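First up is the structure itself, then whatever we jot down about it.
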Amino acid sequence: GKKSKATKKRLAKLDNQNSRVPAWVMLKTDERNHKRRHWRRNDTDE
Amino acid sequence: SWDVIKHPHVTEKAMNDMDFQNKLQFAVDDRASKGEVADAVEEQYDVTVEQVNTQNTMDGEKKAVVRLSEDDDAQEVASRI
Amino acid sequence: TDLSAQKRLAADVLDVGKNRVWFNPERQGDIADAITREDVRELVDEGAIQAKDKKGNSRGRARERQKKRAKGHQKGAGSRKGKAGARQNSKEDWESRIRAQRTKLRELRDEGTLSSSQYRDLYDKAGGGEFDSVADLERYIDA
Amino acid sequence: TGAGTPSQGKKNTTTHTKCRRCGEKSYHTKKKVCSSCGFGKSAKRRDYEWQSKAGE
Amino acid sequence: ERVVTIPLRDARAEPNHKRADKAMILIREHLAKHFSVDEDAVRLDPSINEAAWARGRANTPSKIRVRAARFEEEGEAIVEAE
RNA sequence: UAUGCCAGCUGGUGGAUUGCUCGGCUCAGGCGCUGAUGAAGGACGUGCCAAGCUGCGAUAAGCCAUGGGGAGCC
RNA sequence: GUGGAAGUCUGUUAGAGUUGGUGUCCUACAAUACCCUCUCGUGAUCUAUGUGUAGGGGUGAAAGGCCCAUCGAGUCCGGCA
RNA sequence: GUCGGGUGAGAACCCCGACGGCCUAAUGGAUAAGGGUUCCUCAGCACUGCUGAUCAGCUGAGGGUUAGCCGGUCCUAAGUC
RNA sequence: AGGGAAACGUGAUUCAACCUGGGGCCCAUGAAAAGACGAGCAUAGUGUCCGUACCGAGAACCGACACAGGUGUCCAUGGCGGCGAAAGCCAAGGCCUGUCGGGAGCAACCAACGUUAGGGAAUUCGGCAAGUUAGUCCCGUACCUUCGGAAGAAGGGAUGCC
RNA sequence: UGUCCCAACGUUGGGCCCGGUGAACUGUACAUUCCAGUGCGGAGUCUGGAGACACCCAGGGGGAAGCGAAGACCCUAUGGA
Ligand SMILES: [Cl-]
Ligand SMILES: [Cl-]
Ligand SMILES: [Mg+2]
Ligand SMILES: [Mg+2]
Ligand SMILES: [Mg+2]
Ligand SMILES: [Mg+2]
Ligand SMILES: [Mg+2]
Ligand SMILES: [Mg+2]
Ligand SMILES: [Mg+2]
Ligand SMILES: [Mg+2]
Ligand SMILES: [Mg+2]
Ligand SMILES: [Mg+2]
Ligand SMILES: [Mg+2]
Ligand SMILES: [Mg+2]
Ligand SMILES: [Mg+2]
Ligand SMILES: [Mg+2]
Ligand SMILES: [Mg+2]
Ligand SMILES: [Mg+2]
Ligand SMILES: [Mg+2]
Ligand SMILES: [Mg+2]
Ligand SMILES: [Mg+2]
Ligand SMILES: [Mg+2]
Ligand code: NA
Ligand code: NA
Ligand code: NA
Ligand code: NA
Ligand code: NA
Ligand code: NA
Ligand code: NA
Ligand code: NA
Ligand code: NA
Ligand code: NA
Ligand code: NA
Ligand code: NA
């Protein structure tokens, strides 16, 4: 498939949202990422 | 108004280009052309841009591989920041 | 130790199939430490990494058969599998024969043995398939 | 051929995409019309009274 | 140490396409018994392996002469073709 | 007296029950238009480290003025 | 003899199809699969991508077949408790 | 697959060698769609993997895609707005 | 220039690609437009913007799954074989991941399958299933027929190696 | 010509034992049953007898009018298409 510049931006953001809640936030909140998306098990939009 | 140069892209590969090819890599505003990147670069570091290669990254940002003239030395230009 | 990464590298550096690269069992540790293509070339030069040789099918037995068949053997009814016209293309064979006979008559003409009228008569007869071969043509020529 | 599983295999065509106007993935790239907001068909936004109970 | 002849007739009890494997097991079992040692301690030199697999996985030889030695602090045997 | 039946005891599983309420539901009074001076909505950004939410818009959890407020804040 | 015609023949060439085994499977590998067998294979042929036709309407070499596992009138939500 | 060996707290299935095999219009090589970071490296094993795992398409963190002359871009097709 | 450890060949045959001709067929007639040519040469400057990773499948796609299904193109000239892009065997390349293993001569029973004396369809709704036959050449070929065909009719013989 | 007379032997993968992984169907209760009888006329459970020490492994499926599906057949509905 041939992706456009926009599409590429979106996939990129999606990848970034795919990170984990940083360790420090755990400590700062005295205590999960519900938007975790696997490439195979999940499906993005467009 | 948006600025052309965002910051220096410093990674192992960026180093190799700098030490062996006299190139500097930067994170630039994706609306910027090679031409603009070239100018912005010369005016900020006072050097002579020979060539610019761009790539829209999977990081949402635009990367520019800027090669300086033999007259200038990437290693040094980068050492002052 | 896991040298699968290196295998991939050596195969590209030696320019050979991964399956042909050979790593010296006594130097896993060192190869294990090979991280760069250059590290690889280096171990290659020390002969710690080498490339096995590729085989080729022997054409020995093929050649002997080729000889027998070139001499006229091993082609009996019991050795044919395709239809006759398959073993020899009838149209292709006719083009061979007719050209021979047309080249023949062409020479005798220039050569003077045949008058452009005798030739013409023979040519037309040949195109009409009256001569089984050049020899048969020559024979007929001699009345 | 089974209209089931075996017919699912040819489904590699892209139709509904991320809509420029509403942000939903309902912009039919072949029709150039959004099935969600109506973008490409109507200047006004797509909306219907049946999207909710009659008295609400 | 000594030279022993291992019968591999029992590998025919195992499905034919897998004789080699079974034979290799018999050989280890044999040495372990005849040299009073744990089958864990029996080391077969590759030569033996190559002998058994010589005509493929399905055509193992009916016997095999094997040279073995016994020793060390936990008890063991090292063997090889002959 | 194995396999085992009934009841209980100690521990567990489970999350009922009781207690609690940052949420709902309904009534009532007030109030009430926005947009080409580009709205509402969306997208993508924006933090020292920042994934979500909120805010904000390349001056990006913010800039300025006046009033309030006060020794704390981010 | 030459020529090389054909909704022509043989053909697991590629590809298309789906006759029998009422085999295997039947909480499957699979909400239509596996194997052997079998039919077509220069044509009314097969096929990719693009494109048109929309629900009492399409499309149909016609079986009430097909229109996203949905068809003697699709699907979704509403009428609707 | 088998015998040795490597690493490791742990090895039938992670890695090296030999021996034995499998794939030949594909189980090889290059790609369209589609996927969307799955690519490489390092660090790991609570999850995922039809057993195990020191391995991984898994978990975490980093890195990676450079064009006047390859595509788009331009033209016009059925047709569409 | 490059590349090769080295040698760093010469001729030939058959010849995919590519080029260029001739014939035949249609109650079927086999796009368009941009653009190029037409229309020289030197030197110099400019050539921005988007894609570019990887999978491309018995684990990266669709099918709820690391699904025995489905999914387009190019490589159709690797060797023996042979009519062959067929079988079978083997290179190059890939793989031991169509991913759980250990043990019993390993019984009954089941799935796939081999061989069964004498008989030979008695089996069964039915020859279902299985089997027989087979490639190639020579001889030879009935009824019928729309004169095309029937036809590989049938039937008979040959077939290796040196 | 193993379709049959009439079956036999063998080959591979299961089946059986062991390590690891690890579901579903189904369940008012009780339940070791058999022969008879009786009952809404088709009973493991009533009545009379008979038999019956408990547990477990493997089997081929006689019974639980076995499990699966608010019977398609038929009739009825001031039902539908
Ligand atoms: Cl491209
Ligand atoms: Cl010609
Ligand atoms: Mg990342
Ligand atoms: Mg680019
Ligand atoms: Mg001819
Ligand atoms: Mg359907
Ligand atoms: Mg035909
Ligand atoms: Mg055919
Ligand atoms: Mg179409
Ligand atoms: Mg009908
Ligand atoms: Mg649907
Ligand atoms: Mg990887
Ligand atoms: Mg690792
Ligand atoms: Mg690439
Ligand atoms: Mg798999
Ligand atoms: Mg018999
Ligand atoms: Mg009879
Ligand atoms: Mg009878
Ligand atoms: Mg039959
Ligand atoms: Mg009923
Ligand atoms: Mg009826
Ligand atoms: Mg009616
Ligand atoms: Na996906
Ligand atoms: Na940056
Ligand atoms: Na108001
Ligand atoms: Na945040
Ligand atoms: Na003629
Ligand atoms: Na079939
Ligand atoms: Na309708
Ligand atoms: Na309704
Ligand atoms: Na050949
Ligand atoms: Na495995
Ligand atoms: Na039989
Ligand atoms: Na039963």
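Each reported figure results from applying straightforward, stated rules to the coordinates on display, with no laboratory input. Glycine also receives a Cβ, built like all others from the backbone with ideal geometry; neighbour counts cover every protein chain displayed.
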- line: Surrounding charge for E:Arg9, neighbours by C-beta under 12 angstrom, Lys/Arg +1, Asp/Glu -1, total +2
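Where the eigenvalues come from the Cα gyration tensor of chain B, what are the semi-axes √(5λ) of the equivalent ellipsoid, largest first, in whole Å? Please list the in-between numbers first.
Working: eigenvalues 69, 42, 23 Å².
Sorted largest first and rounded, they come to 19, 14, 11 Å.
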statement: Between A:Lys3 and C:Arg65, the FRET efficiency computed from the C-beta separation at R0 = 60 Å comes out, to the nearest 0.05, as 0.55
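Which value, in debye to the nearest 20, describes the size of the charge dipole of chain A about its Cα centre when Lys and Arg Cβ atoms bear +1, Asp and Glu Cβ atoms bear -1, and nothing else is charged? Display every interim value, and only then the final one.
On the way: 15 positive and 6 negative charges, 70 e Å.
About 340 debye.
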task: Please count, across chain C, the pairs of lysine residues with Cα atoms under 26 Å apart that sit 8 or more places apart or on different chains.
output: 23
message: Between helix E:19-34 and chain E, what is the angle of the helix's C-alpha long axis to the longest principal axis, kept within 0 to 90° and rounded to the nearest 10?
response: 30 degrees
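Quick one: pull the percentage of alpha-carbon pairs in the protein assembly as shown with a separation above 34 Å. Don't skip to the answer; put the middle values down first.
On the way: 61878 of 83028 pairs.
The share of Cα pairs beyond 34 Å in the protein assembly as shown comes to 75 percent.
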- line: Candidate cut points under chymotrypsin sites (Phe, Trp or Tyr not before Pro) in chain D, DSSP loop plus at most 13 other Cβ atoms within 10 Å of their own Cβ, are D:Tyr48
query: In nanometres, what is the gap between the two model label sites at D:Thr5 and C:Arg27, each 7 Å from Cα along Cα-to-Cβ?
result: 5.2 nm
- prompt: Between C:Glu130 and E:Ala58, what is the spin-label point distance in nm, taking each point 7 Å from the Cα along the Cα→C-beta axis?
  reply: 6.7 nm
- line: Dipole check, chain D, charges on Cβ (K,R +1; D,E -1), about Cα centroid: among D:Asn12, D:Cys22, D:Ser36 the Cα furthest to the positive pole belongs to D:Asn12
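Can you tell me the dipole magnitude for chain E around its Cα centre, using point charges on the Cβ only (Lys, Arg +1; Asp, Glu -1), in Debye to the nearest 20?
Numbers: 15 positive and 16 negative charges, 153 e Å.
Charge dipole of chain E: 740 debye, to the nearest 20.
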- request: Once every Cα of chain E carries one equal point scatterer and solvent is ignored, give the base-10 log of I(q)/I(0) from the Debye formula at q = 0.12, 0.13, 0.17, 0.22 Å⁻¹, two decimals.
  value: -0.31, -0.36, -0.60, -0.96
- prompt: For helix B:34-45, what angle does its Cα long axis make with the longest principal axis of chain B, in degrees from 0 to 90 and rounded to 10?
  reply: 50 degrees
query: So which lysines can D:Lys41 reach, going by Cα to Cα under 19 Å and dropping same-chain residues fewer than 8 places off?
result: D:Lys18, D:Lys25, D:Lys30, D:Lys31, D:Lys32
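Show that you can apply the helix-only estimate: for chain C, add -39,500 (n - 2.57) for every DSSP H stretch of four or more residues, divide by all residues, and state [θ] at 222 nm to the nearest 500. Walk me through the numbers on the way to the answer.
Numbers: 8 runs with 82 residues, N = 143.
Roughly -17000 deg cm²/dmol at 222 nm, from the helical runs in chain C.
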- prompt: At a Förster distance of 22 Å, what's the computed FRET efficiency of C:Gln50 paired with E:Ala81, Cβ-Cβ distance as r, to 0.05?
  reply: 0.20
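Treating only the Cβ atoms of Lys and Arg (+1) and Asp and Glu (-1) as charged, compute the dipole magnitude of region C:30-143 about its Cα centre; round to the nearest 20 debye.
Numbers: 28 positive and 22 negative charges, 209 e Å.
That gives region C:30-143 a dipole magnitude of about 1000 debye.
Please give me the summed charge of the neighbours of E:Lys22: other residues whose Cβ is under 12 Å from its Cβ, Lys and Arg +1, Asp and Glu -1. Provide the component values of the computation, followed by the final result.
Details: positive: E:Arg9, E:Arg12, E:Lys18, E:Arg19, E:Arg28, E:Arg57; negative: E:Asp10, E:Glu14, E:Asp21, E:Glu29.
With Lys, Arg at +1 and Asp, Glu at -1, the net is +2.
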statement: In units of 2.2 N^0.38 Å, the Cα radius of gyration of region C:89-143 is 1.08
message: Are there any GluC sites (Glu not before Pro) in region E:1-58 that are in a DSSP loop and have at most 15 other Cβ atoms within 10 Å? List them by number.
response: E:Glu1, E:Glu39
query: What's the exposure ranking of C:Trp94, C:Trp22, A:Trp24, going from fewest to most Cβ atoms within 10 Å?
result: A:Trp24, C:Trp94, C:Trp22
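Just to verify a number: FRET efficiency for B:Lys13 and A:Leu11, C-beta to C-beta distance, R0 = 22 Å, to 0.05?
Using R0 = 22 Å, I get an efficiency of 0.50.
Could you state the orientation-averaged shadow area of the convex hull built on the Cα atoms of chain C, in nm² to one decimal? Intermediate values should be presented prior to the final figure.
Values: hull surface 72.2 nm².
Spelled out: convex hull of the Cα atoms, projected over all directions, averaged, 18.1 nm².
I need the trypsin sites (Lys or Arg not before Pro) found in region B:1-74, filtered to DSSP loop residues with at most 10 other beta carbons within 10 Å of theirs.
Details: sites: B:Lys6, B:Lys13, B:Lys23, B:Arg31, B:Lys34, B:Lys62, B:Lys63, B:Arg67; in loops: B:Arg31.
Qualifying residues, ordered by number: B:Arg31.
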message: List the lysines whose Cα sits under 21 Å from the Cα of B:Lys63, skipping any in the same chain fewer than 8 residues away.
response: A:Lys2, A:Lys3, A:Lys5, A:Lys8, A:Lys9, A:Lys13, B:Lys6, B:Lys13, B:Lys23, B:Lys34
statement: Helix B:12-21 sits off the longest principal axis of the Cα atoms of chain B, rounded to the nearest 10 on a 0 to 90 degree scale, by 50 degrees
Whole-number percent relative contact order across chain B, with pairs defined as alpha carbons under 8 Å at least 6 apart: 32 percent
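Can you divide the C-alpha Rg of chain A by 2.2 N^0.38 Å and report the result to two decimal places?
Details: Rg = 14.1 Å, N = 46, 2.2 N^0.38 = 9.4 Å.
It is 1.49.
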- request: Determine the distance separating the Cα centre of region C:28-66 from the Cα centre of region E:1-61; give it in Å without decimals.
  value: 33 Å
- request: Treat each spin label as a single point 7 Å out from the Cα along the C-beta direction, and report the D:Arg45 to E:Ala69 distance in nm.
  value: 8.9 nm
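Quick one: net charge of B:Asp19's neighbours, Cβ under 15 Å, K/R +1, D/E -1?
Working: positive: B:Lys13, B:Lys23, B:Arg67; negative: B:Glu12, B:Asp17, B:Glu70, B:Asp72, B:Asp73, B:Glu76.
Result for the neighbourhood of B:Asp19: -3.
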Extreme residue, positive dipole direction of chain A, given options A:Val25, A:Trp39, A:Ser4 (C-beta unit charges): A:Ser4
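Tell me whether chain D comes out rounded, prolate or oblate; compute the Cα gyration tensor, take square roots of the eigenvalues as a ≥ b ≥ c, and use a/c under 1.5 as the rounded threshold. Can you show the working numbers first?
Numbers: a/c = 3.51, a/b = 1.61, b/c = 2.18.
Oblate shape, in that a/c is at least 1.5 and b/c is the bigger or equal ratio.
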